[PDB]
Amino acid sequence: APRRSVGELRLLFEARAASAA
Amino acid sequence: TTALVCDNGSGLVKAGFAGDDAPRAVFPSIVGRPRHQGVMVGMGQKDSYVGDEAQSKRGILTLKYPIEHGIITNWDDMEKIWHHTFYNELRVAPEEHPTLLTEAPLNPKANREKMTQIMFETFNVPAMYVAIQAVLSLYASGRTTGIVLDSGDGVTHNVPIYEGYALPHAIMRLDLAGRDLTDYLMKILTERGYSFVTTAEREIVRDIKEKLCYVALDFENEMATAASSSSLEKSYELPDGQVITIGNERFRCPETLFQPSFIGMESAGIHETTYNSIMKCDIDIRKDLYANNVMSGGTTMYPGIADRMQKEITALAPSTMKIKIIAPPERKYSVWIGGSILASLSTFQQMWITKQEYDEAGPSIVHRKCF
Amino acid sequence: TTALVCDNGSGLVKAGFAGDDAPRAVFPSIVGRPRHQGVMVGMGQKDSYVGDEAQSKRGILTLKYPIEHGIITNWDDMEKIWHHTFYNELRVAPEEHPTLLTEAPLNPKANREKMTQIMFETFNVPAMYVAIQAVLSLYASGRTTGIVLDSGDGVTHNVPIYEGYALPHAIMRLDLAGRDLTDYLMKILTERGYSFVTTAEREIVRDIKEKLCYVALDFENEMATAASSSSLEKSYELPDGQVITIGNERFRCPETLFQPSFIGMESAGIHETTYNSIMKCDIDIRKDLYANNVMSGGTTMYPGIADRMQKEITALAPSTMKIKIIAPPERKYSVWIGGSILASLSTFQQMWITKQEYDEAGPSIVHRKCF
Amino acid sequence: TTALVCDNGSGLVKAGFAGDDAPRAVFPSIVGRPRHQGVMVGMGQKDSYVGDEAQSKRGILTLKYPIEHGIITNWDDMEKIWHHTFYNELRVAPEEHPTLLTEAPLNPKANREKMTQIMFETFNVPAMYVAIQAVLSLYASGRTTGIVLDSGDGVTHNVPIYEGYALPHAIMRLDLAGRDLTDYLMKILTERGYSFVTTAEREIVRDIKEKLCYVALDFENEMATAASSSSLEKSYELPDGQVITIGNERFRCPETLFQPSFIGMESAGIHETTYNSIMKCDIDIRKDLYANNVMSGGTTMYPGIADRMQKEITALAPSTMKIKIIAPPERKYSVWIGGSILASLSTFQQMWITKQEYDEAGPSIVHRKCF
Amino acid sequence: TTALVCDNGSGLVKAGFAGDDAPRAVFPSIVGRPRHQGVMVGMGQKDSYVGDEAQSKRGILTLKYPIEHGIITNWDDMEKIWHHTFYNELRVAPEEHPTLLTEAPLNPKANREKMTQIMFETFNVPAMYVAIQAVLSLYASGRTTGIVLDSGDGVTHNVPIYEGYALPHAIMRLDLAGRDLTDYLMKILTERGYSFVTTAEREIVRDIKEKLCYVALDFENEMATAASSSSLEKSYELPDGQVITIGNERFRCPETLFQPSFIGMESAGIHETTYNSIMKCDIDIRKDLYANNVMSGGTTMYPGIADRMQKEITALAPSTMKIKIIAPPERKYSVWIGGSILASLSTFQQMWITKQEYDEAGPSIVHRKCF
Amino acid sequence: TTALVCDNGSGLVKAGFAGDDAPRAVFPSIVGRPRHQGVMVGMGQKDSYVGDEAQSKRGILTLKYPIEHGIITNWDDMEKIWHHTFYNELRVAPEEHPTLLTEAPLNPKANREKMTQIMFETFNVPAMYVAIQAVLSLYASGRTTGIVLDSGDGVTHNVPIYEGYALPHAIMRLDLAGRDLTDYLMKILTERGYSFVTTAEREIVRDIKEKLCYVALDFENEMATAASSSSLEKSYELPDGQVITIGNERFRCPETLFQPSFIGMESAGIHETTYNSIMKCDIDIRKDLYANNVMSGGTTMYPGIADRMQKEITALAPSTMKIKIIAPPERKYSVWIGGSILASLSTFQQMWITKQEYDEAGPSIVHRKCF
Ligand SMILES: Nc1ncnc2c1ncn2[C@@H]1O[C@H](COP(=O)(O)OP(=O)(O)O)[C@@H](O)[C@H]1O
Ligand SMILES: Nc1ncnc2c1ncn2[C@@H]1O[C@H](COP(=O)(O)OP(=O)(O)O)[C@@H](O)[C@H]1O
Ligand SMILES: Nc1ncnc2c1ncn2[C@@H]1O[C@H](COP(=O)(O)OP(=O)(O)O)[C@@H](O)[C@H]1O
Ligand SMILES: Nc1ncnc2c1ncn2[C@@H]1O[C@H](COP(=O)(O)OP(=O)(O)O)[C@@H](O)[C@H]1O
Ligand SMILES: Nc1ncnc2c1ncn2[C@@H]1O[C@H](COP(=O)(O)OP(=O)(O)O)[C@@H](O)[C@H]1O
Ligand SMILES: [Mg+2]
Ligand SMILES: [Mg+2]
Ligand SMILES: [Mg+2]
Ligand SMILES: [Mg+2]
Ligand SMILES: [Mg+2]
């Protein structure tokens, strides 16, 4: 996978937090 | 206030504000002190130089690293490196910025305590945390499941993780990394008479290692090819313009990661310790660890290291397993990028060690809260 | 409103609306709780996994079954399994749907009372009933007369019935079923070194049991054949791609149903307890019980179990009796299909425990109305 | 001719003639092979060293144990250990002396077969037997009834016995023993920076474990005391005279027997598996098992382990039961002493596997005669 | 035929037949060429003089050493030194006598190859070998285990050995030896105006170094004593009868072995590199290395060097360790005596490089066989 | 009061107040004593003449230099030269003016001590210092880093410096300078019969050397050109009007700096000793030494010496290195200008040897404070 921003990666972990919730 | 991420790994400090894509201060974790007489007055001739200052003066300084095998051995100089990091490079007063430190796993609790003491009593920082570097390396790769293989300047460690839930019994740490590779490269460059012995020369052989070395895909056949032909030889120009030429040393140096017995290290190689770490994991999750090998740290940057690692684990692991290695670009900075994610993550703001908790519980608090 | 059928048997919940041909929710009656240190953030907010979710995370969870030997031992987790069944799988509010539970016979009245309390006070259900699983198993076959052999995950029981009129003195329950078969299979797989010890591995040996095992028609000659030739050996692939090979263990495992002394269980085998149950029946009806053995429950699914059972009872029963075994397809779901019939039978709508009767009589009501 | 008893347990071989009060050869079950170059000719520099030879040369050898978790993994080196046992330590030709081997229960039949092959075809021994170590441990105490807890270097197992008649369904084996304790002690000694990584260092941490460690009577309060005061700290001197100091690690190490989750082992502790083994026994005999717990094996030698075990089982077992633990002195050698009794018992001389029976029946004979 | 041992170390050739107790040819490894005009015909005025010829003509020759820091820099003159060694001093034809050469460790493979080429193609010798000088130095002491510290004219190196099995990762070589001591002695003798600048004067200051210098036991107090009193001053008579007087220079010269920073060398001192070499060894063997420090080479001949080395290592090493230094008489010749042993050892006659092996494999063979 | 700088180098005294751009007293360091009878009374006929006095009377005086090879040989006459410098030339009382002396490096400590004694006890000066001439020569250029090549009347020396921090092991001093050039010029002018033998004639050949001589760019081709054509010949007029003509002597004289063997000096030339001095420096700084060769002293004034030096070092140094020579105008006075800077630098006023420190510590103080 190509480089992606921390601004992008954070929202993946916020989405995964909502999935774990 | 925007959080602060300071990867006091070995060899290079990576530091910068949280939420940035890359560390805005990267410099060597070196303190250098003048080696010779002080003949020429009319200058500050200052007692100590750190980072790029020390590199710019390399050949008159006794360079020293105050963190060795991921362990801070020399707190008086490490506190100079932190002072330089905060006040000269980042140009920020730490008493406004909560600082995410990080360290290797399986590391003396005295270190984590002294880092806590120094951060809360020298720099008065509002809050602090000490994440495991390999856990950060998953955040940088957007993963939630995988083995992480971090291979730094001073230590190499494996941490398997599955939807969270790091398996602490399956963690392994090797004490073999880029310094042992540099010193072995010096030992084998002695075999054709480039005598490097000073720490300045150690710092040049680090550059030779970074520029020329690569990992052989098939070490016996690469060794035979370098014996039969000069095609693998490369020429490099020393700071004084003396040309050197290097051959089978070019891949014999990083091969010691896969064959530690070359440096007399007894341990299993990095492929074997990766496999044995997966073998310490419960049998259900191994397929996803094989599918999610994450590589991080500067000594994973060697060309072909991912191909060699995949070959070796595919030889170790059962024939059906889809062995995959996530070794992206910028994996050198992945520990810092993972800290830049974690320190800015909205759920992590519960996790800081506040200074009130330190005033209540002393250095012992950082064993209770941090993993 | 359409009735609701929830077969909280052991091992698997089967649940679904009455009148459906098959249970639309089938999932393991497992609650799993994390075993390890949760280092990443994005976990731990959810701290208990149920059913197929516990299978999807098998290798990081301490799996537990809250119903053991057909007895609910752990009401706090069983109430989680019921919550999951109603709200997540069937996606229905139980306060509109009368729920047919079912349980094994000869079972502590404290269980039937706590199930009543939970159904009427946690889920507020309009009405409830607790049918005997073997009585349900007749409806799915269409019999009115027969031996029922139910053999579940936790218990095995025989209930003879004749035009109605279950003979309560001739009921027998064995406490030997698929969990004892799994644990004995683990004990004998240890004989060639596949060490399974975790509950995740118990859950894999359950799959090995379901995929490979079968019941020998002539155990001594099958054992001699497996000793003399590898033709009976089968290979299976573990979740990590490690191949295992299995031989006489393949039929020695389910043979323990016919020879409980293999697991140290004292009792007579399932053929002998079937015969002794017929021998407790009045001598006029025995010919129709021999002509109507009904087999149900998942551990009756083994290939050849009907042939072995017929051989053994034909050796036990008098030479004239036409021993016949009704072991159809889907006999794994026959208890649920029988509940789907009964709950939708127009004659049965008198039989529900209404919530008014519970408000008048407390848990004791379910001993007065239900058989 | 006087029989021969050779306890090839893990970690230490105990061997000697039957009827002796103590094994006259006790040495570590280690094979070591030179790690480094062969620089200095004029010496045999021999290819392999075993036992005390390997300990005397520890720091230049890659030590390996050919028996792992009570399972012989490396027959080529185990046959060297047997050769050393017979010809160098006991100084006897096995073709005159019938040899009582012993092994742990619930152990791969391939091991018992390969031991049979090796004894009858390499050493030509007149006769052989393979007693279960826990059954032997009764003879050394003089009991006829009890639940034996053997806890070795590689395995721990419980075997309840009543006037004879070992209950094979109630046997349990844990795969947790002194090696897992050594490796966890290494992991926690890393917490204050004594990095032990070589097998020589593993062999030193085994000595630290034997000299310093003890089992806490009340682990939470001992942990709090070691946190509040240095009174529990002890100093030990490494082979090079470097002093180390050890504190809560001193009892956190053997505590993992009671809390296997410290090493990530999921299983119940040794007190819980002892209780569950008694709970697998028929309800009449439990009172005499509680009255006759027999402890054996080197990892039962920890100070206070009997007191802690008695506390934990008295908390588990019903309040009336007279929980008693028979943990005598020399219980480290009780398995050998039990073999020295059994091999010299006149009733046992019927029981040997004769070489004629092996020539008739191959390795399979040792499953038919031996328990 | 009796073997031949030719220690082409730096500064002095030691040569003689194997089995002799002492080298029968000891002479300086010097080639001298006439510096001035050729005024006086009627003489050969020959182009070159070597050894004692060059010393006897010292003041008209530009003396040069063709081996520098253990590395042969000048093969055209080294081949003259070998010719002189064989034909003029030993008076023997090398084509009958297999020649044991020796060299320092960690030395360019081009040297070992060119020595092989020269021995097999110029001198046609039947066989050859190239032992490490420190490995030879054990044989002359009779040890099998120890650190060897060899300190020659051109190089100093540490090699730890244990029952054999030299630890190649713990070898260290310092590039500081008697020439650096001579040049520093010249630099400090300049401090009171004895200007020595010619190579003839370098060769006289070598004699002053050998005759007068000693190693201070407590350098600060010896320096203060030489500052406070003339009692430490000694007078020496130059070849022309000019008296010189020497004071604190007498021990400041060899002190640079312990404080290399005096010559601007950055490396740790010889005591520190001895300790660090023991610290590279596995922790079990360190006690026997401390018990077996072997000193060899001419620059270990200074009075008091053993006492100073013992004091310094006893300050470095743990207080319990029995630090012992084996610095016998004739330790100047111990490398040759060790070669005289090894070349006459009957086990060694397998080890020679035969000329057939060179004709098959060229110079590369001497990396395969020799250590 | 403004400090005083008195460069008692060889051949010429340069003296003057600090802060002046050029020394206001420059005169030869000569003492002359009447050679002949005292025939003519009525005059003082005074016993001694110094400086321009001695030059004005040259042909009746036995001229002598009291400083030889940078070493003061004749303190009774040097004290006359200092007396003349202070009282007759500068016309100042030294007891008000702290005096910065200077001397060459690697010079007998007896000189620095006697200069200290004389300054503090004959001239009662308030304070004194003794800077190394080459360190002063940097200040006049404005460098902080460089090779300094000082080439005086009596000595030539190389001192490498880097941001300060003179490397004392890499200093070299040659004892070859303008007096050896004068004496060789006299020896070769004898080849066409200009017999110069008196010290007056030595003082005339010094003028011939300064006026006519130059350094050949390509000595072999200049020698061939002077052999083939008279174009290189120059005519000079002696004080008595005798014309002399000079040819290949014109560049053969200063060529001896590059080929000391012409005067029988064995040492490497000034280009070779410059390169070898850079080669004693650590490999990182060599590029800045090549970029910063500083030339100073009167014998660097020869036309073409910078071009020849650049050619020779560019032939010696690696092809990439940007060899640059800083040989400015007034480099004859650069040592004095550097003293005029240093003595007026405000940071230096800490560095003076005060007379209180001399009264406390005697001549030994000037080894402790001064470099
Ligand atoms: N491009 C490269 N190729 C090979 N090695 C590299 C490269 N870049 C850095 N390294 C090596 O990686 C190490 C530094 O890695 P780093 O990640 O900064 O350490 P840490 O993990 O302790 O922060 C050094 O040994 C350095 O020589
Ligand atoms: N096809 C099959 N072959 C063998 N065993 C099976 C098969 N299907 C299910 N089982 C076993 O039957 C048991 C589950 O039966 P089930 O009827 O769901 O229990 P219950 O009667 O309590 O509802 C488990 O032990 C499972 O392993
Ligand atoms: N006094 C002691 N205290 C604690 N541990 C001990 C003691 N003696 C032996 N051990 C440990 O017990 C193990 C050896 O037990 P042993 O009975 O010889 O094994 P096995 O049962 O396989 O023969 C080793 O791990 C050793 O460290
Ligand atoms: N008695 C002595 N005291 C001090 N130094 C000595 C003595 N004898 C020899 N040396 C010095 O030792 C060096 C020669 O040692 P040697 O062992 O011959 O060298 P190598 O090890 O290369 O053969 C020379 O520097 C010499 O000056
Ligand atoms: N222009 C010149 N050309 C050649 N040689 C010169 C020149 N000027 C001075 N010299 C020589 O340089 C020497 C004086 O140099 P100087 O720097 O005054 O000595 P010091 O370095 O001891 O002060 C004398 O030998 C003089 O002949
Ligand atoms: Mg890092
Ligand atoms: Mg069922
Ligand atoms: Mg045992
Ligand atoms: Mg030598
Ligand atoms: Mg000068």
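Residues displayed in chain B correspond, in order, to Swiss-Prot positions 7-377.
Going by what the header records, the deposited coordinates were determined by electron microscopy, 3.4 Å.
Positions of Cβ are set from backbone N, Cα and C atoms, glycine also.
In Swiss-Prot, the annotation tele-methylhistidine falls on B:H75, out of B:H75, B:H163, B:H277.
It is B:112-125, from the ranges B:42-55, B:112-125, B:224-237, that Swiss-Prot records as region 'Interaction with alpha-actinin'. Within the listed segments B:204-216, B:243-255, B:334-346, B:360-372, Swiss-Prot records region 'Interaction with alpha-actinin' for the stretch B:360-372. Through the fold, the region 'Interaction with alpha-actinin' (B:360-372) approaches residues 118-120, 122-123, 126, 130-134, 136 of its own chain, all at least 6 residues removed from its boundaries and within a Cβ separation under 8 Å. Taking the Cα of B:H75 (tele-methylhistidine) as the reference point, the closest of the modified residues B:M46, B:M49, B:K63, B:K86, B:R179 is B:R179.
Cα to Cα, B:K63 (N6-malonyllysine) and B:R179 (ADP-ribosylarginine) are separated by 34 Å. Following the DSSP three-state reduction, the secondary structure of B:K86 (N6-methyllysine) is helix.
Residue pair B:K86 (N6-methyllysine) / B:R179 (ADP-ribosylarginine) shows a Cα separation of 28 Å. Each residue contributes its Cα atom, and for B:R179 (ADP-ribosylarginine) and B:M49 (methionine (R)-sulfoxide) these two points are 46 Å apart. Of the listed modified residues, namely B:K63, B:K86, B:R179, the sparsest Cβ surroundings within 10 Å are found at B:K86. Of the modified residues B:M46, B:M49, B:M46 has the largest number of other Cβ atoms within 10 Å of its own Cβ. Ligand 6 lies under 6 Å from the Cβ of none of the modified residues B:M49, B:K86, B:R179.
Proximity to chain F, taken as a Cβ less than 8 Å from one of its Cβ atoms, holds for B:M49, B:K63 among the modified residues B:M49, B:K63, B:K86. The Cβ neighbour count for B:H75 (tele-methylhistidine), using a 10 Å radius over every protein chain in view, is 21. For the region 'Interaction with alpha-actinin' (B:360-372), the DSSP counts in helix, strand and coil order read 12 helix, 1 strand, 0 coil. Secondary structure counts, DSSP: the region 'Interaction with alpha-actinin' (B:112-125) has 11 helix, 0 strand, 3 coil.
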